[PDB]
Amino acid sequence: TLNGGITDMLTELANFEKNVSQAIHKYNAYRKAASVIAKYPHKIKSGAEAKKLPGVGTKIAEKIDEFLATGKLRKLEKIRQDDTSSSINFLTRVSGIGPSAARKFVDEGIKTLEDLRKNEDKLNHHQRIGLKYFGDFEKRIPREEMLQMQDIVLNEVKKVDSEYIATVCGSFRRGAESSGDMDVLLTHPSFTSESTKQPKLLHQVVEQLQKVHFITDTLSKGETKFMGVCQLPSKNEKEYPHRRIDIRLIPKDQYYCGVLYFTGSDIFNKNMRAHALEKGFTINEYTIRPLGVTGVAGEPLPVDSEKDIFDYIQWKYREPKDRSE
DNA sequence: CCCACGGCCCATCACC
DNA sequence: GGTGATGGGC
DNA sequence: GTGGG
Ligand SMILES: Nc1ncnc2c1ncn2[C@H]1C[C@H](O)[C@@H](COP(=O)(O)NP(=O)(O)OP(=O)(O)O)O1
Ligand SMILES: [Mn+2]
Ligand SMILES: [Mn+2]
Ligand code: NA
Ligand code: NA
């Protein structure tokens, strides 16, 4: 919010690279720039000034100058005029359409929401839903509403089995007053790392949430990972917006490693994994393993609470709300 | 003065 | 029908 | 596009 005009300008450039040029590195750099550029406590008022920030370099500093000097940036503007590049960017905002599906659709003449519907034949299921809820999906969720959602989920999960475990992770757990999707994490004592596999254990609890017409439609669904759509109920009235809900089922013993992952910033999850590597470990969404001076991953370490990981690699315990990187 | 640069689950497609 | 690769998302 | 090396 300090250097806001810059963060926006860069976030656009990042989306462009990801969406159009399929240059994920140049994308991530603009994000790390723009990400860790607002972590900065000082109004940037020089590209040369900005260059001193980590991940900000010659080109971005060159581009920052033009924005500070003229209030615009020719490059981005040129992209906005390209009727094609703009059409590729936009479509990716549909869920299920990525850089590949999007460049392939604009080639064949599909440039707008209007074409998508006409060409619904071409679209696969996930994309058929991202279209349906295109508007409601670009809205943010406020905690007040999120809090309601959290009550239903827990209610209907226990009602299936008293021994279940379910924690709302992601933006919400970090104090985030606004949220994009609802990230959920499910476990059971009867599901641990050394058990064969899940006997309808995730399906069981999804059905209930569909039975109470909370989960409306379904984007993807497997034995471990469910992506879908949910909605709150209104009294009297105006309908609530449809929202994205991710539900992930993990084994109980690995629970504290997934809660940590699926909560802390994608950058945070990257900030800490770096330290863990420098500090001799390799963590992931399920385990924290040690690495011999050769680099050979050892057997999974014992984890009984989120704080455990944050001693192994040391680091200052950043409690979820402080983890907004 | 170059060049790694992140990993996992689900769904679909191309090929057989 | 069963593959292995790829795309997409998070 | 960037910074480690
Ligand atoms: N490569 C990666 N890919 C996906 N998720 C990652 C990740 N690295 C870390 N995560 C962690 C970080 C994420 O928090 C978590 C999934 O949450 P999201 O729905 O992706 N985004 P969030 O909940 O943070 O905010 P909001 O929903 O309001 O936009 O997984
Ligand atoms: Mn989220
Ligand atoms: Mn999510
Ligand atoms: Na720098
Ligand atoms: Na999208």
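Chain A is numbered as in Swiss-Prot; shown residues: 10-245, 247-335, in order.
Every residue, even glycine, has its Cβ placed from backbone N, Cα and C.
Swiss-Prot lists A:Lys41, A:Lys61, A:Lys81 with the feature ubiquitin cross-link. Look at Swiss-Prot and you will find A:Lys60, A:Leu62, A:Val65 tagged as K(+) 1 binding site. Residues annotated as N6-acetyllysine in Swiss-Prot, with similarity to another entry given as evidence: A:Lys72. Residues annotated as omega-N-methylarginine in Swiss-Prot, with experimental evidence given as evidence: A:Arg83, A:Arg152. Marked as Mg(2+) 2 binding site by Swiss-Prot: A:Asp190, A:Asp192, A:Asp256. What Swiss-Prot records for A:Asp190, A:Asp192 is Mg(2+) 1 binding site.
The least crowded of the binding-site residues A:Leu62, A:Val65, judged by other CB atoms within 10 A of its own CB, is A:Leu62.
Within the same chain, the residues at least 6 positions away from A:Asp192 (Mg(2+) 2 binding site) whose Cβ sits under 8 Å from its Cβ are A:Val177, A:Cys178, A:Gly179, A:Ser180, A:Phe181, A:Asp256, A:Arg258, A:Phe272, A:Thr273, listed in sequence order. The most densely surrounded of the recorded positions A:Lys60, A:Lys61, A:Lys72, A:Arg83 is A:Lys72 (count of other Cβ atoms within 10 A of its Cβ). Take the recorded positions A:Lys81, A:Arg152: by the count of other Cβ atoms within 10 Å of each Cβ, the lowest one is A:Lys81. For A:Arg83 (omega-N-methylarginine), the recorded positions whose C-alpha atoms fall inside a 10 Å radius of its own C-alpha are A:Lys72, out of A:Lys60, A:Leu62, A:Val65, A:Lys72. Listed in sequence order, A:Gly64, A:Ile277 are the same-chain residues six or more apart from A:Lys41 (ubiquitin cross-link) with CB atoms under 8 A from its CB. Sitting within 8 Å of the Cβ centre of A:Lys60, A:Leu62, A:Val65, and not among those site residues for K(+) 1, are the Cβ atoms of A:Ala42, A:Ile46, A:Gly56, A:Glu58, A:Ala59, A:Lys61, A:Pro63, A:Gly64, A:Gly66, A:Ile69, A:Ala70. Residues from the recorded positions list (A:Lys41, A:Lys60, A:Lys72, A:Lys81, A:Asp256) with a C-beta closer than 6 Å to any atom of ligand 2: none. Listed recorded positions: A:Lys41, A:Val65, A:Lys72, A:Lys81, A:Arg152, A:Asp190. Those with a CB atom under 6 Å from ligand 4: A:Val65.
Within the set of recorded positions A:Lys72, A:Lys81, A:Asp190, the entry lying nearest in space to A:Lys61 (ubiquitin cross-link) is A:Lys72 (CA atoms).
A helical conformation is recorded for the residue listed as 'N6-acetyllysine' in the three-state DSSP classification. With a cut-off of 6 Å between Cβ and the nearest atom of ligand 1, the recorded positions A:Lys61, A:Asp190, A:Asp192 reduce to A:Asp190, A:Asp192. Proximity to ligand 3 (Cβ under 6 Å from any of its atoms) holds for these recorded positions out of A:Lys61, A:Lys72, A:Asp192, A:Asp256: A:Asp192, A:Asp256. Here the CA atom of A:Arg152 (omega-N-methylarginine) lies 11 Å from the CA atom of A:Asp190 (Mg(2+) 2 binding site).
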